[PDB]
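Input: a single structure, listed below in structure tokens.
Reconstructed Cβ throughout: ideal geometry from the backbone, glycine too, with neighbour counts over all protein chains shown. Numbers and lists here come from the model and the stated rules, or from a named source; these are not laboratory values.
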Number of protein chains: 2
Amino acid sequence: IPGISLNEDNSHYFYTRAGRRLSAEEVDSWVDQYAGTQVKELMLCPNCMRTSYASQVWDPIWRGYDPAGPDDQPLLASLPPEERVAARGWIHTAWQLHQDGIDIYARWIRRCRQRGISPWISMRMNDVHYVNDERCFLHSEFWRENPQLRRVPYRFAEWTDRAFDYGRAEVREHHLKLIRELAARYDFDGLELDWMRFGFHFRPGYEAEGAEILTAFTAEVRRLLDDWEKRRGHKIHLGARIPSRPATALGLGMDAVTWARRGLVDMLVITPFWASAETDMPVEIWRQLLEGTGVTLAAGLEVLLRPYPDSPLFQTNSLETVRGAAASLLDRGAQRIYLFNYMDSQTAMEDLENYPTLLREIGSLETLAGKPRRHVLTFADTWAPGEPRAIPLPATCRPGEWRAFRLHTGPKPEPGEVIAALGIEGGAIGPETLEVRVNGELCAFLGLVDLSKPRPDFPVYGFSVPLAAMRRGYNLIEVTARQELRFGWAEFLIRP
Amino acid sequence: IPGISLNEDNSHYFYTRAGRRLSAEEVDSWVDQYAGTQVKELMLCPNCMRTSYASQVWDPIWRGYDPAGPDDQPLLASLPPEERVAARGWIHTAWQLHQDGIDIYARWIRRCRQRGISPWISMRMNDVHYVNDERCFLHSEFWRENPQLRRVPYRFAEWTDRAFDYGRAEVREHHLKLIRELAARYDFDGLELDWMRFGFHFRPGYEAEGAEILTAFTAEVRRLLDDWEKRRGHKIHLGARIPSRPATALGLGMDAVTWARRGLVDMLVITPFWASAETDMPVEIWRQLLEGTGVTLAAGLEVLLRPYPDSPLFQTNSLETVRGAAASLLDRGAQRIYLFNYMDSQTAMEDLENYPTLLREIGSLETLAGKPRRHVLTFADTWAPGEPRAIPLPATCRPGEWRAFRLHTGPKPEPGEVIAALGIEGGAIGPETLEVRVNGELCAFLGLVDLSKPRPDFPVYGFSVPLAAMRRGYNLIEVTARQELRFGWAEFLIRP
Ligand SMILES: CC(=O)N[C@H]1[C@H]([C@H](O)[C@H](O)CO)OC(C(=O)O)=C[C@@H]1O
Ligand SMILES: CC(=O)N[C@H]1[C@H]([C@H](O)[C@H](O)CO)OC(C(=O)O)=C[C@@H]1O
């Protein structure tokens, strides 16, 4: 019953359908794949620094576009010729829809409502893709002309260094301009402020004043949508993406409990940025923080599943790793599972044959029950400036030393098999090199496990877990090694 | 004013006054030093595994003691000879007081009230000092005879491995027996359950079950004190010492939010274990979690101030650094500063001449205002089993890299001098080796700072901070180095 909130990004549909002359009929068909599933809400993202629709207050993606011209035109000049082709696909497809008198977002919305989906607009508040290229096609002229409006003038070590500083009146006005336009143009059920594109909105050190500013911003947005409620004659929701732990959220100027208690938002999505889905997020704590506010708390997944920040693997979640994260977060009280980067092609799970199943299963413990699942140890990609970072992997165990890993496996397993699986880096073990316990109980050595992808490029050793040992929620792997070892991977595989 | 809560431990008074034949008058005079200070409660601890008073349900510290005998006697046999002298100091003074018809806790409670100090009893729930010595004097016979009731059978790498398992009925009953006697024998204004001696109460992996069990335990205790309120004809307060972060507290089976909401407790002490004071604890989050409960949230300080876990430095807080931590924790909403291990001797601040000063200043922003303070970067010593650990120091910065450190410095500085001071390990810089910024602002190179204790044993470099840079709450040091450098210390010195 909690269900699925699914984010469709600003660029995907225009990139993947480039070169077909899209009919209103085909545009509508995109909403159909999500109909009759556990999907309750599609969050349709129309923007980055530029809009994918023909905006009158902001730059459409095709501003500067010579549609008859060659790939090497001023708008695309700054990309390598190969990347001009990909980018021109997004730009041209978007442009050609506007010329055909097709407003893709008014169409998708209309169609969502026939097919029993609540349609949302999700706004990227501070996208900074490719800001290392000040000539890039997808930056706004406002950004290009106002370097003084950026977060970090003294260094460029990351893209967020060039993000807009919302400590500026001109920056808030610039994004309130697009919100004012989206509310007037589209009759949506809700607006999602996606603060997590890219998460960083203030001068380093100013995040306190930042919190006050983003609360006063959200209140002004709530007060705008209250006027549209009258003009439309139905409730319009306001929701927000925010980081996965409450110290990080407030430390990045997002005091969400305040937003919540002031009825400024009615939905919050705790999520990582990108680098990996978090399989472990403190939902129980967020629920206590939000008690009596009537906000719906959603646990946000990302498509990547990676063991540690410096890992060279860039594989995505599978149906089994997503039922793993789903089971867990629902168990911990998630009122929605929110999918970001799980689209129908290109940016998507690699086991794309399983997408129809996924959208029919991960929105409920009922439909996850008695299905194979994988609970993988990952990491939080996002931390406030100077905030101590808690990263479990990789983990070194010296001879005679103990290391514990807690993994959230949500509902107590059904009758069947449980494996605790540990990958070892550095090119090794025998059956006794590791002593492994789960919740104190000795686990049998199984041998080398042949994982399905997502999997590491190093040996994964399996240990059979007494079923009785496994608990609701966190389950604790403890290991000791008789040889020095580095762990780069840890998961529970549960096979009812 | 928020004021001070000060904890007197189970052993200190008996160790330090050993060899004096204490009269009722001297016993009473121990309270008087705290009279006229900002101390609002004394938290009088009467126990480790054994009581320091003449208990009839538990072992007094002197069970098995031969008062006339040599140091080389069974109860003391297992210690080195010179350590027998210290232990017999505690055993004999405790014993000799009982023999003189002096109940030290009854005398302190009554003397507390005469001096306008609210007397509390603080019980150590699971003290495990010297559990490596199975024959040690201060273990209860009940512990020695029941190894099956300990937390971890399958290894012995830390003292907490031999702590009692509160998952067992027998363990709970053992601890409820002492609580029932404490409530009958002493007329205290409140009891504190000190979970944080030593914080580890459950088999590894059983902390969820644990949380239900400690809530019910707390509930019986509240119901017990409800009866004694009628018999005493006043309110009896119930409180607890819990870890510094909600996720660590709940992962060690302490759901203080549930305790607070159900009116089981009215005070919560968020505290480190021992290895260092935390100068940074998320007070603001705890206040939001506890909103509408009426629970007085106390920020716990410890006496040691150490930059990281593996540091060989074991220096205590000074007046300046307790001013710093106090100013920070009150600014963020601490409704009391709670001092553990800040006694009148032996276990005490190294600058003990400043102890009278400390007791009259650290319980109010007003009395701290315009006085020199030191805000030192430390760490959280306590993490739930397999909980990823966030530890800021030490921190390596490679040539051209940026490292950030957030230090909580509470109220905006008054006119004067603000130094960001950074210690560098490994044996050596020039004035242009570090570019140092606070909230973006270039800090002038000051040179070597001669820190008073507590201080690192490696060079400390000062950086003059433009006054107007400094914000209320966190202030961000950002540093980049022209050469690879390890940071072992960071603080803000504020010198109005
Ligand atoms: C085809 C492609 O790369 N799509 C990427 C998309 C795109 O870069 C953006 O829409 C530009 O605005 O961004 C994101 C993102 O996590 O935000 C993920 C997608 O993989
Ligand atoms: C003299 C001495 O060492 N006292 C130590 C004391 C003692 O061990 C305990 O009271 C015995 O039960 O314990 C603590 C403590 O932080 O727990 C700190 C004291 O410095």
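Before moving on, here are some points about what is shown:
- Failed item, numbered, when A:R389 is tested on (1) crowded, with 20+ Cβ neighbours inside 10 Å; (2) in contact with a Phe, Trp or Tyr (Cβ under 9 Å, 6 or more places away or on another chain); (3) within 30 Å of B:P204 (Cβ to Cβ): (1)
Matching residues to (1) within 14 Å of chain A (Cβ to nearest Cβ); (2) within 19 Å of the chain's Cα centre (by Cα); (3) buried (at least 24 other Cβ atoms within 10 Å of the Cβ):
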position	(1), (2), (3)
B:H237	no, no, no
B:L250	yes, yes, yes
B:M254	yes, yes, yes
B:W259	yes, no, yes
B:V269	no, yes, yes
B:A275	no, yes, no
B:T279	yes, yes, yes
B:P282	yes, yes, no
B:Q288	yes, no, no
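- Some residue of region B:404-413 being more than 23 Å from A:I391 (Cβ to Cβ) and not in a loop (DSSP other than H, G, I, E, B): no
- Any hit, region A:443-459, residues being in a loop (DSSP other than H, G, I, E, B), within 28 Å of A:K371 (Cβ to Cβ) and within 14 Å of chain B (Cβ to nearest Cβ): yes
- All positions within region B:453-485 that are among the charged types (D, E, K, R) and closer than 16 Å to B:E432 by Cα: B:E478, B:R482, B:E484
- Looking at B:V418, B:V436, just one residue is closer than 26 Å to B:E284 by Cβ and assigned to a strand (DSSP E or B), and that residue is B:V418.
- Residue within region B:190-205 that is small (G, A, S), within 26 Å of the chain's Cα centre (by Cα), farther than 30 Å from B:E158 by Cβ and surrounded by 20 or more Cβ atoms within 10 Å (Cβ to Cβ) present: yes
- Remark: pairs (first residue in region A:340-358, over 13 Å from A:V322 (Cα atoms); second residue more than 16 Å from ligand 2 (Cβ to nearest atom) and assigned to a helix (DSSP H, G or I); Cβ separation under 6 Å; 6+ apart in sequence or on different chains) = A:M343/A:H12; A:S345/A:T16; A:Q346/A:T16; A:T347/A:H12.
- Output for region B:460-470, where each listed residue is more than 33 Å from the chain's Cα centre (by Cα) and assigned to a loop (DSSP other than H, G, I, E, B): B:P466
- The set of residues from region A:1-26 being crowded, with 21+ Cβ neighbours inside 10 Å and of a type in the set (V, I, T) comprises just one member, A:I4.
- Selected residue (criterion: surrounded by the most Cβ atoms within 10 Å (Cβ to Cβ)) from residues of region B:400-421 that are farther than 19 Å from B:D331 by Cα and within 13 Å of chain A (Cβ to nearest Cβ): B:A420
- Those helices (runs of 4 or more DSSP H) lying entirely in region B:70-176 with at least 1 residues under 30 Å from B:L224 (Cβ atoms): B:81-99, B:104-114, B:141-145
- Filter pass, B:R124 being assigned by CATH to the domain that holds B:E26 and surrounded by 21 or more Cβ atoms within 10 Å (Cβ to Cβ): yes
- Number of positions in region A:466-489 that are surrounded by 16 or more Cβ atoms within 10 Å (Cβ to Cβ), within 14 Å of chain B (Cβ to nearest Cβ) and not hydrophobic (A, V, I, L, M, F, W, C): 6
- Restricted to region B:2-25, and to residues there that are among the polar types (S, T, N, Q) and within 30 Å of B:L368 (Cα to Cα), the residue that is nearest to ligand 2 (Cβ to nearest atom) is B:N7.
One line per residue, one yes/no per condition, for (1) within 16 Å of ligand 1 (Cβ to nearest atom); (2) closer than 27 Å to A:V39 by Cβ; (3) not charged (D, E, K, R):
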| residue | (1), (2), (3) |
| --- | --- |
| A:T357 | no, yes, yes |
| A:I362 | no, yes, yes |
| A:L368 | no, yes, yes |
| A:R373 | no, yes, no |
| A:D381 | yes, yes, no |
| A:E387 | no, no, no |
| A:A395 | no, no, yes |
| A:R398 | no, no, no |
| A:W402 | no, no, yes |
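- The residue of region A:146-202 that is farthest from A:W108 (Cα to Cα), among those that are β-branched (V, I, T) and more than 14 Å from chain B (Cβ to nearest Cβ), is A:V171.
- If you go through region A:15-51 and keep only what is part of a helix (DSSP H, G or I), more than 9 Å from ligand 1 (Cβ to nearest atom) and under 21 Å from the mean Cα position of the chain (by Cα), you end up with A:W30, A:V31.
- Check on B:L97, within 12 Å of ligand 2 (Cβ to nearest atom) and among the aliphatic types (A, V, I, L, M): no
- Inclusion of B:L377 among residues that are farther than 26 Å from B:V265 by Cα, more than 16 Å from ligand 2 (Cβ to nearest atom) and surrounded by 22 or more Cβ atoms within 10 Å (Cβ to Cβ) is warranted.
- Just one residue in the set B:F492, B:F458, B:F463 is over 20 Å from B:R332 (Cβ atoms) and crowded, with 22+ Cβ neighbours inside 10 Å; that residue is B:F463.
- Taken together, the residues in region A:81-107 that are among the β-branched types (V, I, T) and out of contact with any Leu (no Cβ under 8 Å at 6 or more places or on another chain) amount to 1.
- Residue within region A:118-125 that is in contact with a helix residue (DSSP H, G or I) (Cβ under 9 Å, 6 or more places away or on another chain) and over 25 Å from A:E220 (Cα atoms) present: no
- A count restricted to region B:380-403 and to residues that are within 24 Å of A:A157 (Cβ to Cβ), of a type in the set (A, V, I, L, M) and assigned to a loop (DSSP other than H, G, I, E, B) stands at 3.
- Within region A:298-329, the set of residues being buried (at least 23 other Cβ atoms within 10 Å of the Cβ) and among the charged types (D, E, K, R) comprises A:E302, A:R306, A:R323.
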